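Chemist: I would like to see how this sequence folds:
(12 chains)
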Amino acid sequence: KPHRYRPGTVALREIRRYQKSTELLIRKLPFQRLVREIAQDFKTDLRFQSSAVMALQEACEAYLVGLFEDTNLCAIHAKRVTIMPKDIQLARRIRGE
Amino acid sequence: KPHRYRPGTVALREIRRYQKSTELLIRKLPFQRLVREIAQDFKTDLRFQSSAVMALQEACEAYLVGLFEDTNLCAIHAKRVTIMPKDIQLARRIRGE
Amino acid sequence: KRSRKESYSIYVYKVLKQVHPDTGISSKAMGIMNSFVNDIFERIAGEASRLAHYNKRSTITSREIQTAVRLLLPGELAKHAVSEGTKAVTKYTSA
Amino acid sequence: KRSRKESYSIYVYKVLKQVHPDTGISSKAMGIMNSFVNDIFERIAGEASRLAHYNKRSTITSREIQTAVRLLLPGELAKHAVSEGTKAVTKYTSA
Amino acid sequence: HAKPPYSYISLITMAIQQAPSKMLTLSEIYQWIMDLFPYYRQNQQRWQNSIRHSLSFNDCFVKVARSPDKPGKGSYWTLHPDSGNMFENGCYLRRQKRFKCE
Amino acid sequence: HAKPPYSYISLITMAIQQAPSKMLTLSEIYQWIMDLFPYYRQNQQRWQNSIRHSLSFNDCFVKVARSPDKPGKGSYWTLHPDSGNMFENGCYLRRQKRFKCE
Amino acid sequence: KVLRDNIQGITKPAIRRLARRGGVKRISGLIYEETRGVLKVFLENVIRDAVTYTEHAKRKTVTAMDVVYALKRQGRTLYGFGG
Amino acid sequence: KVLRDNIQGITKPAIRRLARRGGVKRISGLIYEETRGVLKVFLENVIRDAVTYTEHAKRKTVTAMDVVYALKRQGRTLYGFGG
Amino acid sequence: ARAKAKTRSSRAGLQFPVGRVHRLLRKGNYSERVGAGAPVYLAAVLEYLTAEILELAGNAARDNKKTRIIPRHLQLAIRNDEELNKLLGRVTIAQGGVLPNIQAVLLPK
Amino acid sequence: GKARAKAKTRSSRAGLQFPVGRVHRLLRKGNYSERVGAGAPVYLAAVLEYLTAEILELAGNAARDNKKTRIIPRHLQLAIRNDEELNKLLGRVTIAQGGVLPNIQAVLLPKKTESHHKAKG
DNA sequence: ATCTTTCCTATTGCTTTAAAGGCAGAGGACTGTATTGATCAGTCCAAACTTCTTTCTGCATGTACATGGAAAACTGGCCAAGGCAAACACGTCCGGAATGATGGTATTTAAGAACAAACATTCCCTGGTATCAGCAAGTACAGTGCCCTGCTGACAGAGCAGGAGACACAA
DNA sequence: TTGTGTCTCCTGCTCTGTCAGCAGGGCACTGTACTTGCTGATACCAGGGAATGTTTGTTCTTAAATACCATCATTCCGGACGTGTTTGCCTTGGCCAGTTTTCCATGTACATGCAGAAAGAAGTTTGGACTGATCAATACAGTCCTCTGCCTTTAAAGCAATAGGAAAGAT
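Modeler: Numbers count the residues shown, from 1 in each chain, chains lettered A, B, ... in the order given. Below, you will see the structure:
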């Protein structure tokens, strides 16, 4: 029968890869579109430098990585390996966000 | 038969009492002695204003109250009503200390 | 007498009388309000100085103060403060 | 003409050669180092300014810089940095 | 061939005694039994599991591990010294007063 | 326009060969390349650095200093006499066994 | 020209990768909506300050320096962009 | 003169009251030591900066403003004493 | 002859001190120069925020049957208002205590 | 008068590599104080040079661990986060094109079971 | 479900001390005039942003099988809630002092202001070696079929002692 | 000649040999993926020449800062005493942890579709540079009145005691 990795192996390998690497994880153009859409409310017909969008993507990715680390810690504290919205809510509340 | 409140009622009563109140909860003299004991390590014969000691006590009490609130939230996250040292450790780790 | 130590007590008291003529305020509350005013003043001034440095300008005008107010105050509190500041500057400009 | 673009790349490079003559540094790494230097400079300068304002000092001396370094840098970094600064100031004063 | 007139206990005892080192693994025991008894060449699983049960049950057989990893994959089995000549001289099919450690 | 059917090595070799002194600076090389190939008008910061990489990596191009101070900035570049026929006989894109000094 | 539904641009695999870099082994289905909401809130908070900085300069182009100042204004100091 | 073991001065009832003010209903036995350690670390961290500020002014008395500056530097601004 | 001098606060119709704010701005080393409208704007904003906080604190005090504002009332006003709480999220109020809050799960059956 | 003595940079006089004059100009232009001391730029430049030396040394060590020779943002991030004091100094700082320290909680690691057969519920 | 016990909450009097009000004064804020250089206003470059098009994948979505992690349920025991009694150590005042933070004046030395010289720092060419991308091998570990080592309950059938028949001793 | 002990053969409980079958622990073999080597490409680190503007040198000057001395304020320390709080003990009950069971939703694998990325180009907006100018801020002098400090006053809130009502616990 064909090979099939047990659950957990692929997840851990992905964890190791993405912790060892440093490349961005969010696609660039949709992120730019989202940034422009959010900017439309504050002001119309704005212009953006590419470096500004790259910095925004970097900051957002770092913030999300930190949030996911906190969520994983909270989930493990509850004797669970599966993060849930309650974990994120608790992490944000503890961090005052 | 002698009257005895079941467990938890007195805890809720005390919580209500001390959430409604505002006075300091730590005894002033031993806390001052502790501050002096910590202070002397950096320099001997240090003088201290009473207002400085009161401000330190206020800051410490506020920090501990926030830490205990976060600890209680974490304990409730694990479906527990009793705080444990792991709860405080998790709260400190998430807070970034 | 000792060296003069200035505080914003009288101004906050006048504002309290305006909003609530009947009520009073405690000395510790007065000090807390003074600390709050000092903190807000320091925040706004620092933000204005940072904005001026970013713009490479030497002077801080009402525009910088408005920018700092919008950056600091959240939500509805910011716009009402902006309107109040605009009204005050408009009144002062007429001399 | 285009505005001049001053930076600390050459000095950071000289320090790198002093500690590691063989290794190099990338352009983005150079920019990150410049950003770090700017951040530390701003932090130390602001701390010294606040200290002087508390003490009503009109000038920032080496003592204020030492105080700022002690306050900001944690643990051994503060001690070694203070020693290096004192050595540099003594050497400067001797000549 | 019919079943040899020998108990599995007797077979294990003979296999252990005839071994140069006085100790054999399960695979070696099976190989010796099959070589010396053509009857056991068939129905392998049944009598092999029976041998497994006998080794795990009878105190007269005691296992010895292999320390420096040897060929590995299987621990040696040795006769308990106190057993003595229990199946000797015409009592292969049924021993008398089986050996008990305690 | 697409890229010409000539590598940077071939372009630089032709530019040096057509020079009256058989030597050119990077500015003259850029001028010649831009004049003779409209494709290189754009992406200047890219293809100029590519020509730099060619002239600098390839040992077949060897530099010459300016003796009487000339215009100054920019030392000359010359084809190595030991290079020989490298891009000749229809191998403009790639040079088999790229020239090495050491 | 008008953009309406870019929030879905944050794909499920992208959130999976972000969680993986955070060491998450198992992810619940409801995480993705919450992740999108939190990301949108953070983006709005940053971009509001960035737009304020750009407007105060009287410019119509948002520069990376404005982003750095906004992030630093929120305590998220960032390097590698001329800050 | 010298002080030896005042960390024990933070009595168990005081810690229980502090937890109760935070809404804690049930308390484990091991909390008291951990709370004492955390409080000691926080006090040391604050007092180091306070003594540094006191030293810079060449004063031998730690004033309230020094404590306010130390707390403010740690992002824990406190009102009611900055005067 | 010199006419009757008028406070810049009176000219702007504000209670807060325009002159003191301008002097603090000049003496604070914030910038080499200070505009005329900047202190007026800053004083107006400060007065507005102070008025809002005082109004909320007075409402809280009236809820508590008191007549003089105290740090408890200030904390109640600040934390009950989302905008002010966000503005003063990191701030600690001496003698302010905390709001009454008990989690639902802790309540008895 | 007196004939101008040949100039020597204050950086050279103090022995530092960083620019004393540029630091002094930045301090004066930054409106940090009404005046700037003469030794303050020297002290600040020395401290900055020491910090740069420490960070560069750690980054070069990390690069050597990675068999590389040119420092990249990954090396800087590894050096900053691995060191406790530097990490505390730069806890809230973010580095462009950085990463994270390799770290997986022990619970998330696979359960080492002596008996390991085909997966079943 | 109704009675007992406890606690919280509220009401009323006294007081006390904390906040409101009056008066002096001073130093910093208002008025007036001149300098200025920091800012505002207009025009142009170009470069950098925005917009549009074609291809190629790498990515995202969709679907299906399934296992183990989330959830629930029950037991128990031991951890901690609740209450009583005793001891002491926190808390309060009363005073001594002594330590040191802050005010007043001199002076000195340190740095701000101005201008000349210059050379260190910046911008534009230049060689060459360290880093990124694609294809291909060795190394590493996951997963699992299979086997060895334990235990448990029960059935099937040879062993050897017990009892009955045959034979020889004893009376 | 007749009854019974002893030897021998059949019978029957004992005990061992055999079977089926579930649990832990461990090994070898296949398979999949990660890392490294080779090659190619490239981009940026360092030497060489020209430029400009920022730093050093020198002098004057004036005021910020240091030093010395004086003054009182406010914090440390001790003594005595009140009694509220903490420590220790005891009881016991219910909440955390262990164990078991259920089941469904996340993981993994593969198939299909599609739009993000990148090259290339065109269109276009305005950020910044430069010159003219002009006006709002700074500088300086006079003066006058707004805010701080002291002293007096009175009432809002804290302390003490009592009483009413809410609610927990229990049969």
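
Chemist: Verify the contact between residue A:22 and residue J:95 for me.
Modeler: No. Applying CB atoms under 8 Å, one finds residue A:22 not in contact with residue J:95, separated by 9.5 Å. Where C-beta positions appear, they are placed from N, C-alpha and C, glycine not excepted.

Chemist: Find the residues that touch each one of the two.
Modeler: residue J:73 (CB atoms under 8 Å, 6 or more residues apart in numbering or on different chains).

Chemist: And residue G:55, how far from chain D?
Modeler: Distance, residue G:55 to chain D, using CB to the nearest CB, to the nearest Å: 23 Å.

Chemist: other SSEs contacting whichever strand or helix holds that residue?
Modeler: Using DSSP states H and E, residue G:55 sits within helix G:31-56. The helices and strands touching helix G:31-56, judged by 3 or more CB pairs under 8 Å, 6 or more residues apart in numbering or on different chains; DSSP states H and E, are helix A:28-42, helix A:50-77, helix A:85-94, helix C:27-55, helix C:62-72, helix G:12-21, strand G:61-62, helix G:64-73.

Chemist: what's the angle between it and helix C:62-72?
Modeler: Interaxial angle of helix G:31-56 relative to helix C:62-72 (axes from the mean of the first three to the mean of the last three CA atoms, to 10 degrees): 170 degrees.

Chemist: Show me which parts of helix G:31-56 are buried, residue by residue.
Modeler: Within helix G:31-56, the residues that count as buried by 16 or more other CB atoms under 10 Å in any protein chain shown are G:31-32, G:34-36, G:38-40, G:42-43, G:46-56.

Chemist: List, one by one, the residues from chain G near DNA strand K.
Modeler: G:1, G:8, G:11-14, G:26, G:61 (CB under 7 Å from any atom of the strand).

Chemist: on that earlier part again, ok, residue A:22 and residue J:95, which is more surrounded?
Modeler: residue J:95 (25 against 17; other CB atoms under 10 Å in any protein chain shown).

Chemist: and the closest residue to the more buried one other than its chain neighbours, what is it in contact with?
Modeler: By the measure of CB to CB, 6 or more residues apart in numbering or on different chains, the closest residue to residue J:95 outside its immediate chain neighbours is residue J:77, 4.9 Å from it. For residue J:77, the contacting residues are J:95, J:98-99, by CB under 8 Å, 6+ apart.

Chemist: Inside strands: which ones of the residues you listed?
Modeler: Judged by DSSP state E, strands contain none of the contacts of residue J:77.

Chemist: what's around residue A:97, how many residues?
Modeler: 15.

Chemist: before we move on, what about residue A:4?
Modeler: 7.

Chemist: center of the chain - which residue?
Modeler: The chain I'm using is chain A. residue A:64 (3.8 Å; CA atoms, centre = their mean).

Chemist: Give the closest residue to that residue in space, chain neighbours not counted.
Modeler: residue G:18 (4.8 Å).

Chemist: show me what contacts the residue nearest to the centre of chain A?
Modeler: Here residue A:64 is in contact with G:18, G:22, G:35, G:38-39 (CB under 8 Å, 6+ apart).

Chemist: and the gap between it and chain I?
Modeler: On the measure of CB to the nearest CB, residue A:64 and chain I end up 22 Å apart.

Chemist: what do you get for residue A:74?
Modeler: 16 Å.

Chemist: List the residues that contact that residue.
Modeler: A:83, A:87, A:90-91, B:74, B:77, B:90, B:94.

Chemist: cutoff 6 Å now
Modeler: By CB atoms under 6 Å, 6 or more residues apart in numbering or on different chains, residue A:74 lies in contact with A:87, A:90-91.

Chemist: give me phi/psi at the closest residue to residue A:66 other than its chain neighbours?
Modeler: Nearest residue to residue A:66 in three dimensions, chain neighbours excluded: residue G:22, at 7.5 Å (CB to CB, 6+ apart). The phi/psi pair for residue G:22 (degrees, to the nearest 10) reads phi -80, psi 0.

Chemist: how deep is residue G:22 tucked in, by neighbour count?
Modeler: Considering only other CB under 10 Å, residue G:22 is surrounded by 22 other residues.

Chemist: Was I right to think it contacts residue A:69?
Modeler: Yes. The pair residue G:22 / residue A:69 is scored as a contact, 4.3 Å apart, by CB atoms under 6 Å.

Chemist: before we move on, the earlier item: from the contacts of residue A:64, which is closest to residue D:73?
Modeler: Of all the contacts of residue A:64, residue D:73 sits closest to residue G:22, with 29.7 Å by CB to CB.

Chemist: All set, thanks.
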